[PDB]
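K.L.:
There's a structure below that I have some questions on.
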Amino acid sequence: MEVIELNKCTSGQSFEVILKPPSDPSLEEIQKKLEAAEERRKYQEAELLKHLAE
Amino acid sequence: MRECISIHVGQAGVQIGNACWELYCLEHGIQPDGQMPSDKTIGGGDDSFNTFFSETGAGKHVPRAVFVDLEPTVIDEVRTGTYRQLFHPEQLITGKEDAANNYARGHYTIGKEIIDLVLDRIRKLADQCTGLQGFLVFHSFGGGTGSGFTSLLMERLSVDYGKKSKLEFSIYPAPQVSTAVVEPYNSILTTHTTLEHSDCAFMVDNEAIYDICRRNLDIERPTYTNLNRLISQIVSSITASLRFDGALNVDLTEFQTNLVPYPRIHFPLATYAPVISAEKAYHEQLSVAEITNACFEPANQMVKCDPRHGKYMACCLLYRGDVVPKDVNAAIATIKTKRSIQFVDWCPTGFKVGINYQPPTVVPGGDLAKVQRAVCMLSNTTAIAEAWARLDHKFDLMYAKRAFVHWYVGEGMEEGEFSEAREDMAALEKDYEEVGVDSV
Amino acid sequence: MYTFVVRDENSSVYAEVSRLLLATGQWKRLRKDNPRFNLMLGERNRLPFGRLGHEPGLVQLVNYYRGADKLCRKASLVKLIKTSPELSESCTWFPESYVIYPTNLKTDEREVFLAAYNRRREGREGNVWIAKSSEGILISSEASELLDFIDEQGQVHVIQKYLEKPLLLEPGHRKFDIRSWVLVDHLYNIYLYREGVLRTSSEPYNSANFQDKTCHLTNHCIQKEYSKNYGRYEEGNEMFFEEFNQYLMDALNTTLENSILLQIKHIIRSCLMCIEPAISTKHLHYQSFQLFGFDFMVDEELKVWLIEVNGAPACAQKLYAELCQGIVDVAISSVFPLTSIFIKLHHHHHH
Amino acid sequence: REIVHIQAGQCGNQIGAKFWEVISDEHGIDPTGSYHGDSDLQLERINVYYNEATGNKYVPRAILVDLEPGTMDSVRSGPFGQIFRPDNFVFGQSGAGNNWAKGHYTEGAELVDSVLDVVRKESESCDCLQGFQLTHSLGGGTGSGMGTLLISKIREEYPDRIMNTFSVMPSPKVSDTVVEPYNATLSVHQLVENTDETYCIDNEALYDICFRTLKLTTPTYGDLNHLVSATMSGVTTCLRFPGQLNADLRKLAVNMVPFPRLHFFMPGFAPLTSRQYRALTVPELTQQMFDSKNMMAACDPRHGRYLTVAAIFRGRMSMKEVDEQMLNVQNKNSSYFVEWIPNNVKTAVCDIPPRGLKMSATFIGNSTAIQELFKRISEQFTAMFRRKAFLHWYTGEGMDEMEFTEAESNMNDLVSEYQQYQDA
Ligand SMILES: Nc1nc2c(ncn2[C@@H]2O[C@H](COP(=O)(O)OP(=O)(O)OP(=O)(O)O)[C@@H](O)[C@H]2O)c(=O)[nH]1
Ligand SMILES: Nc1ncnc2c1ncn2[C@@H]1O[C@H](COP(=O)(O)OP(=O)(O)CP(=O)(O)O)[C@@H](O)[C@H]1O
Ligand SMILES: COc1cc(-c2ccnc3cc(-c4ccc(C)cc4)nn23)cc(OC)c1OC
Ligand SMILES: Nc1nc2c(ncn2[C@@H]2O[C@H](COP(=O)(O)OP(=O)(O)O)[C@@H](O)[C@H]2O)c(=O)[nH]1
Ligand SMILES: [Ca+2]
Ligand SMILES: [Ca+2]
Ligand SMILES: [Ca+2]
Ligand SMILES: [Cl-]
Ligand SMILES: [Mg+2]
Ligand SMILES: [Mg+2]
Ligand SMILES: [Mg+2]
Ligand SMILES: [Mg+2]
């Protein structure tokens, strides 16, 4: 059990003990995705307003 | 010194953020108006606390924080509350209609109209940063803001600040507390969209926190403020090494180096001991050996699961209080003989240790007794994949009937994002099972 | 009114416990995937332990110990025995055993294995072995032949010492094994069921041709089929303890408890106390019990050998009634309240 | 925040008036709109149902609609009649004769735009409107026919607000005319399409409760309306009192409605009260509120499965005991909750109890058993329609038999959709 890279200071200590050794999308892609959902919304709203007009 | 910006999204992220910053101020000796008498270099500095607070000419110490809720009532209580003075109005951001427990409404519908305002208020904080390391993101899985807006925020932060690290603190949904039947949907959805933009994420199961408050604090029905002050202790344990002198976890990148060898498997388990009630008349202080042992009882983990039936990839102990290296190694020695602690073959079986000699500070009138020593363990064990199994199973039951799906489609989301998200989670569960189990 | 679900229907024993529970009038069966149960009698493989103990207002109990399969698969048991210090390389009641991975898959002991073989060859000791895994068994003293045979099948197999001098019951000059049913409850009490059985061979034991395997393999299946003398001496080729006791009294002048049972209780205790830290549910959010089947051999010096532990055993037909009532009593109604058929296995020697 | 309330027709206005009387008395506001309570919780969400007036009087955000002036004159004369903004009284003169067609197509069309002008002036005054509630019956002509016409217009002008209704179902046991099954079937189709949540109040159930368990021998509409006031108060608790749960319909709708047309809720109340002294325990509140005899929709819950449930406990009590009792009906009757919607029962609690009780419970069930209500209406409808009986009252106003055939098809569809999920 090896106790290694001990570091001290007035606030505390730190070290490492070893018991055993080893055996992104674009900005435009995002605002296009956001706009494709916005149009799917505005379409479903137009389908409702068309139905309400009938 | 390098600065860290904390971002709190939704109700859960804001009220937990309030818990943290209250605790941070008590710990650094900053008072509600932002004054820090002990800060002798007035109006500036580069001490380690400066990674979280910035300084004004009048001597005010100001959190490097933005709060974001799509409805005003929760952040209004910040604006009117006992820490009103400490935050600049520009850091508290509100909408007026929330996301109604709907991932799609927070991401797509209400997200689109507020994302640019948030990024620029985030940019006003990054501009008073000589060297930014990145972000701490607080949010709920189950909220519509907490889940949907956060994942939109996370996507763009990757673009606007691609070299910076991003850590999350995520509240995982629990029916004893939870606000909604669709929270499994929101959880899977936002984990799938955030998975590649998050370098390391600390999950808190509201069930585990709840039960710790009932059993160890003798609160029969815990409130959010009960839950959050406990969560706040654990978060402050995890962040203390960024705010305080030390050599372990000194910046955000060390959190991934030390805890996340495989980047998809970036969900360390947090375990914390001891939680003692302030109403406990007679209490026998617990030793280094006792509190290190308590790190391996499931009843003290932030997520109930069973690490004996998994493998470790990493492990830190963060001690606060009267702790010295010799007692840690003696405690570790005795524990490895009496407990099932198996690592993956390609990692060392070992512990990185950090000690800070100041014991946990407790909020006055809180529920936590002051203790002479405490420890928070951070173990990247595959047993946390149990929480994904739970979540995914609940998701499967509802989606097999398309229950509630129509609410999401109606916000412009396409049904297929459900199945994509659920397939990502199917991968993630098998990654965990590859690393952490060997053949039957 | 407690609630329970059934997720193994091919289970003789928990089929009976299901019906015993209904007849109480205080247990209601829910449908397989209803999560609001008190008790899960679950599947044998892929039992979803990660989903237990998370239902608010429901004490939950399952009839299996997660992790208990390291006792009940042949390769795992060997690995457990030689690596655990409480059991040891130097374990007196387990036959010498070596894990052997086939050639296709490329730890494995196969060259540490024939160290023992050639030390036995030029040691002029009886050196028959047996290859097996978790029906495809070969008994031969040609080592050169057994690593031949493991590799043409594709699964991992263990090769174990063959007990060349077994105790043989007369009349018959014939082999047997003993099966004991042990119940571990949610408190990790270890209960031995007072009734065991001897699964007899009805073929005289032949020590000169092991290629015929029906006087060498006491499995109830193979005796039911291959053997001409099935049913000859004992009903169903199953001898019970009262008979085997008095045979030992008349033939060998001892009893079952002194000659064999002390050794059996020591082996059961040692196996379950070894894995207890790894599988106990004492401080866990759900609870476990499990019924095990231990299988022993007796050699001619009346030494008992553990051959395997089975984690999903069937019972003997006469005993289903009494054992299954006993499981409800001590495993289930202990947790869900509505002279014993079990011997509690506890020993605390001071040293 | 703000909700705009609309009450249409004879039944819509009588129940609506006694609703406002009941909740105004809860919030301390007296008949002249002047506040006189002793707690600030009475005032914390008062804006959801009230506008603040000159002198900070409180005025209900309520519009009163009828095609005849009879009932609304009765309201202006009634106990709280002067509470209402007088500009919000919108009435024609000729009535609708219990005729859906008159409500929806002829008489109603003449007055609907003037109702929508008052709606608009009440929404513009709203910091952030969240939606509407309509009280009406489905068996008459105004509240049925004009009410659903108004619901259609309001959706056109506010397609993204929540539309919520308290809808009295007709019953032969409490019946004004033979044509009620016609008027109700025409109305149900509108409701399936154009409301987010509908509280099915069955006059059948209100009668049986009044008779079998309150033991009132000759129940009046006044007795029926007492029950309706009590449960309307109960379901709207979160909209009117401070709590862990905010006052918004959208979150309720999202969590109650797994499939959009299956938004017809079965309400329930406990203890059942007629206009006593015994302490009701939390185990009793819980057992009763789930009791078939406390349901305001004459359907048997054990004939169907609960898709979702919301429950609201009022008074001073141990939410540990509430939690325990709720968890123990679900765990001891798990048969009757769908297993494919996990944790589908939500419980809220409010410290302030209704007048005259120290402890009450309100039940809101989205059960598939509500199909029984619609099949009942459907059998009554068909029994006349297969002889085209009484149709002339409707074809006289422009309607065609085709529209009846479509409306009965749509309700039979709705019944099949309920049955599909009772077997899933
Ligand atoms: N630990 C803790 N959990 C919270 C808190 N607030 C909410 N939660 C949990 O978070 C989930 C609800 O998410 P919220 O954060 O309230 O949702 P939101 O981000 O405000 O999104 P919307 O209100 O839908 O716009 C539930 O599971 C809650 O139990 C809190 O303050 N502390
Ligand atoms: N080393 C050994 N020495 C002597 N006999 C052995 C032996 N190993 C196995 N046997 C014999 O083979 C028989 C069964 O072998 P095995 O251990 O594989 O049981 P099994 O899993 O096939 C059926 P069950 O699970 O009911 O016991 C034993 O009953 C025994 O007679
Ligand atoms: C509980 O009764 C009420 C609840 C709410 C409310 C506010 C905020 N979030 C939520 C979630 C749920 C929910 C409902 C059902 C399920 C299965 C899960 C969750 N309800 N809810 C509002 C209310 O006002 C009208 C209200 O009264 C009726
Ligand atoms: N519970 C209750 N039901 C009513 C009341 N008034 C009418 N109903 C029912 O409503 C139907 C007739 O509707 P009504 O309101 O008189 O028609 P409208 O005025 O033209 O809209 C019938 O089912 C009546 O039983 C009432 O005050 N209370
Ligand atoms: Ca300074
Ligand atoms: Ca990144
Ligand atoms: Ca006219
Ligand atoms: Cl960058
Ligand atoms: Mg919110
Ligand atoms: Mg076997
Ligand atoms: Mg009338
Ligand atoms: Mg006009």
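So the protein lines, in turn, are chains A, B, C and D.
Here the first sequence is numbered in my numbering, starting from -5 and rising by one per residue.
Here the second sequence is numbered in my numbering, starting from 5 and rising by one per residue.
Here the third sequence is numbered in my numbering, starting from 2 and rising by one per residue.
Here the fourth sequence is numbered in my numbering, starting from 95 and rising by one per residue.
Every residue gets a Cβ at the ideal spot worked out from N, C-alpha and C, and that includes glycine.
For D/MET453, report the span of its beta strand (DSSP E) as first-last.
P.N.:
Taking the fourth sequence and counting its residues from 1, one reaches residue 453 of chain D at position 359. Here the beta strand (DSSP E) through D/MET453 covers 453 to 461.
K.L.:
Check this for me: beta carbons of C/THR219 and C/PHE150, under 9 Å apart or not?
P.N.:
In the third sequence, the residue the question calls residue 219 of chain C occupies position 218. In the third sequence, the residue the question calls residue 150 of chain C occupies position 149. Against a cut-off of 9 Å, the Cβ pair of C/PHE150 and C/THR219 comes out as no contact.
K.L.:
Kindly say whether D/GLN381, judged by its beta-carbon, lies nearer than 9 Å to any beta-carbon of chain C.
P.N.:
As a first step, residue 381 of chain D must be located in the fourth sequence, where it is residue number 287. No, its Cβ sits nowhere closer than 9 Å to a Cβ of chain C.
K.L.:
Helix, strand or coil for C/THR340, going by three-state DSSP, please let me know.
P.N.:
Numbered from its first residue, the third sequence carries residue 340 of chain C at position 339. Reduced to three states, the DSSP call for C/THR340 is coil.
K.L.:
Would you say B/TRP392 faces chain D, with C-beta separation under 9 Å as the test?
P.N.:
Residue mapping note: residue 392 of chain B aligns to position 388 of the second sequence, counting from 1. Taking Cβ atoms only, chain D never reaches closer than 9 Å to B/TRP392, which makes this a no.
K.L.:
Could you spell out where the alpha helix (DSSP H) holding B/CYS29 opens and where it closes?
P.N.:
Residue mapping note: residue 29 of chain B aligns to position 25 of the second sequence, counting from 1. Residues 14 to 32.
K.L.:
Taking 8 Å as the cut-off, does the CB of B/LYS64 come closer than this to any heavy atom belonging to ligand 6?
P.N.:
As a first step, residue 64 of chain B must be located in the second sequence, where it is residue number 60. Every heavy atom of ligand 6 is 8 Å or more from the Cβ of B/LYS64, so no.
K.L.:
So with CB distances below 9 Å, who are the chain A contacts of D/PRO253?
P.N.:
Your numbering for residue 253 of chain D matches position 159 in the fourth sequence. Residues of chain A passing the Cβ test: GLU39, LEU42, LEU43, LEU46.
K.L.:
Under 8 Å, with one C-beta from each stretch per pair, do the stretch 143 to 154 of chain B and the stretch 189 to 205 of chain B reach the 3-pair mark?
P.N.:
Counting Cβ pairs under 8 Å, three or more are found: they touch.
K.L.:
Please report the distance separating the alpha-carbon of B/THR261 from that of B/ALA318.
P.N.:
The residue you call residue 261 of chain B lines up with position 257 of the second sequence. The residue you call residue 318 of chain B lines up with position 314 of the second sequence. So the two alpha carbons sit approximately 10 Å from each other.
K.L.:
Taking only heavy atoms of ligand 3 into account, decide whether any of them is closer than 8 Å to the Cβ of D/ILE406.
P.N.:
Indexing the fourth sequence from 1 puts residue 406 of chain D at position 312. Result yes, Cβ under 8 Å from ligand 3.
K.L.:
Could you give the distance in angstroms between the alpha-carbon of C/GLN318 and the alpha-carbon of C/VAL329?
P.N.:
Indexing the third sequence from 1 puts residue 318 of chain C at position 317. Indexing the third sequence from 1 puts residue 329 of chain C at position 328. Approximately 18 Å, taken between the alpha carbons.
K.L.:
Give the DSSP-derived three-state secondary structure of D/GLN284 in the structure shown.
P.N.:
Here residue 284 of chain D refers to the residue found at position 190 when the fourth sequence is read from its first residue. In this structure, D/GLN284 counts as helix in the three-state DSSP scheme.
K.L.:
Within the chosen definition, does the stretch 347 to 364 of chain D reach the stretch 454 to 461 of chain D through at least 3 CB pairs nearer than 8 Å?
P.N.:
Segments in contact, yes.
K.L.:
Is any heavy atom in ligand 4 found nearer than 8 Å to the beta carbon of B/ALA16?
P.N.:
Along the second sequence, read from residue 1 onward, the residue named residue 16 of chain B stands at position 12. Not under cutoff, so the answer is no.
K.L.:
Taking DSSP as the reference, what is the three-state secondary structure of B/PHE53?
P.N.:
On the second sequence, residue 53 of chain B is found 49 positions in, with the first residue counted as 1. Helix, per DSSP.
K.L.:
With three or more beta-carbon pairs closer than 8 Å as the criterion, would you say the stretch 60 to 78 of chain C touches the stretch 38 to 51 of chain C?
P.N.:
Segments in contact, yes.
K.L.:
Have a look at B/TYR107, B/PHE71, B/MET417, B/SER169 and flag the residue whose alpha-carbon is nearest the alpha-carbon of B/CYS8.
P.N.:
Mapped onto the second sequence, residue 8 of chain B falls at position 4. Minimum Cα distance to B/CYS8 is reached at B/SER169.
K.L.:
Counting only the same chain and skipping the five closest in sequence on each side, list residues whose C-beta sits under 7 Å from that of D/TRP434.
P.N.:
On the fourth sequence, position 340 is the one that residue 434 of chain D refers to. Closer than 7 Å at the Cβ level, and outside the excluded window around D/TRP434, lie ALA518.
K.L.:
The stretch 8 to 20 of chain A: which residues have C-beta closer than 8 Å to a C-beta of chain B, in chain order?
P.N.:
Correct list: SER8, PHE9, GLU10, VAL11, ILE12, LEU13, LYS14, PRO15, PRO16, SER17, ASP18, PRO19, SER20.
K.L.:
When you compare only the Cα positions, how much space is there between B/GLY416 and D/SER368?
P.N.:
Residue 416 of chain B sits at position 412 when you count from the first residue of the second sequence. Residue 368 of chain D sits at position 274 when you count from the first residue of the fourth sequence. Cα to Cα, the separation comes out at about 49 Å.
K.L.:
Identify whether C/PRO167 lies in helix, strand or coil by the three-state DSSP scheme.
P.N.:
Along the third sequence, one-based indexing puts residue 167 of chain C at 166. In the structure shown, C/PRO167 sits in a strand (DSSP, three-state: E or B).
K.L.:
I need the straight-line Cα distance from D/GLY131 to D/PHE305, nearest angstrom please.
P.N.:
Along the fourth sequence, one-based indexing puts residue 131 of chain D at 37. Along the fourth sequence, one-based indexing puts residue 305 of chain D at 211. Rounded to whole angstroms, D/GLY131 to D/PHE305 spans 35 Å at the Cα level.
K.L.:
Cα separation between B/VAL78 and B/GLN19?
P.N.:
Taking the first residue of the second sequence as position 1, residue 78 of chain B is located at position 74. Taking the first residue of the second sequence as position 1, residue 19 of chain B is located at position 15. Distance between the alpha carbons of B/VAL78 and B/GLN19 is about 8 Å.
K.L.:
Counting only C-beta atoms, is D/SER428 closer than 9 Å to chain C at any point?
P.N.:
Working through the fourth sequence from its first residue, we reach residue 428 of chain D at position 334. With 9 Å as the cut-off, D/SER428 counts as an interface residue toward chain C.
K.L.:
What's the C-alpha gap between D/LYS387 and C/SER335?
P.N.:
Your numbering for residue 387 of chain D matches position 293 in the fourth sequence. Your numbering for residue 335 of chain C matches position 334 in the third sequence. Cα to Cα, D/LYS387 sits roughly 38 Å from C/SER335.
K.L.:
Listed in chain order, which residues of the stretch 33 to 48 of chain C have Cβ atoms closer than 8 Å to some Cβ of chain D?
P.N.:
From the stretch 33 to 48 of chain C, only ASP34, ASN35, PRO36, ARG37 have a Cβ closer than 8 Å to chain D.
K.L.:
If you measure beta-carbon to beta-carbon, which residues of the stretch 73 to 101 of chain B are closer than 8 Å to chain C?
P.N.:
Against chain C - using a Cβ distance shorter than 8 Å - the stretch 73 to 101 of chain B contributes no residues.
K.L.:
Could you check if B/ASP102 belongs to the surroundings of ligand 9, using beta carbon to heavy atom distance under 8 Å?
P.N.:
Counted from its first residue, the second sequence places residue 102 of chain B at position 98. Yes, the beta carbon of B/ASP102 sits closer than 8 Å to at least one heavy atom of ligand 9.
K.L.:
Going by the DSSP bridge assignment, what does D/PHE363 pair with across the sheet?
P.N.:
As a first step, residue 363 of chain D must be located in the fourth sequence, where it is residue number 269. D/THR456.
K.L.:
Please report how far the alpha carbon of A/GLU48 lies from the alpha carbon of D/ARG372, in whole angstroms.
P.N.:
The count along the first sequence starts at 1 and reaches residue 48 of chain A at position 54. The count along the fourth sequence starts at 1 and reaches residue 372 of chain D at position 278. In a straight line, the C-alpha of A/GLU48 is about 57 Å away from that of D/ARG372.
K.L.:
Which residues, in chain order, does the stretch 400 to 411 of chain B contribute to contact with chain D at a C-beta distance below 7 Å?
P.N.:
Within the stretch 400 to 411 of chain B, the residues whose Cβ lies closer than 7 Å to some Cβ of chain D are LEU401, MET402, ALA404, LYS405, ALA407, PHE408, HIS410, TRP411, listed in chain order.
K.L.:
Give the straight-line distance between the Cα atoms of D/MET505 and D/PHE353, rounded to the nearest whole angstrom.
P.N.:
For the purposes of this step, residue 505 of chain D is identified with residue 411 of the fourth sequence, where counting begins at 1. For the purposes of this step, residue 353 of chain D is identified with residue 259 of the fourth sequence, where counting begins at 1. Going by the C-alpha atoms only, they are around 16 Å apart.
K.L.:
What is the DSSP secondary structure of C/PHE95, counted as helix, strand or coil?
P.N.:
Start at 1 with the first residue of the third sequence, and residue 95 of chain C comes out as number 94. Three-state DSSP puts C/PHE95 in coil, outside helix and strand.
K.L.:
Could you tell me whether the stretch 368 to 383 of chain B touches the stretch 6 to 26 of chain A, where touching means 3 or more Cβ pairs closer than 8 Å?
P.N.:
No contact exists between the stretch 368 to 383 of chain B and the stretch 6 to 26 of chain A.
K.L.:
Is it buried or exposed, B/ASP131, if we count other Cβ atoms within 10 angstroms and call 16 or more buried?
P.N.:
For the purposes of this step, residue 131 of chain B is identified with residue 127 of the second sequence, where counting begins at 1. Answer is exposed; the Cβ neighbour count stays below 16.
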